[PDB]
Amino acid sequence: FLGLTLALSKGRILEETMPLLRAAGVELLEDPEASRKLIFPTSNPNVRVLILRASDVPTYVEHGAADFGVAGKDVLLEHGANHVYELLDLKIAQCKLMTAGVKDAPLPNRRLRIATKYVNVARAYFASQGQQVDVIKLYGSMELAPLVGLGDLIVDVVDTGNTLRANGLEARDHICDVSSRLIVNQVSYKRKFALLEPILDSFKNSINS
């Protein structure tokens, strides 16, 4: 396959990327959410799509298994973005990285334990607050952890805050805003620029409105 391979993930990222792809002459030929297929063709024979877990998008792009991708800033910060280029803030799937805990619960007088998927982000953020913290690495359902005493706080992505509120948690601190970003493999950017450039230009034009 001599074309470009685009790494996306399911849900909001796929949903909100598709219009940008449509304006650039790229359309999926079926709903990937309903398929066992791993690699998907498009209306453009020079572009194919991978549907990955959000956390794996930087990995595939870094290694060149995908030439470019759409990854949330949260994933990029946690994974590390030193071995891809971030070309565009696409302003999609916007949310916040935040700390949260049980509503009105006092912080303990000791090293805090932070339950999170975002272990690197958590250590860095708390370091900026003057705190060395213990981190408990979790893979999902962060909202449960404070309820059963696993960790004093969580770090997670928050959009509406409804999950938090439904579970008797409240956001404590805003860490940073998060949006999905167009990343490119550093070799693909050089070797396949003629294929990338018009797509990149279309995306840039689309995001300007």
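Position 1 is the first residue in the sequence shown; the rest follow in order.
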Ranked by mean Cα B-factor in the entry, 49-57 and 168-176, top stretch is 168-176
Ranked by mean Cα B-factor in the entry, 72-80 and 130-138, top stretch is 130-138
Residue set 120, 109, 99, 116, per-entry CA B-factor max assigned to 109
Listed options 34, 184, 65, 153: highest C-alpha B factor recorded at 34
Temperature factor at the Cα of residue 38, chain-ranked in thirds, falls in the highest
On the chain's distribution of Cα B-factors, residue 147 falls within the third called highest
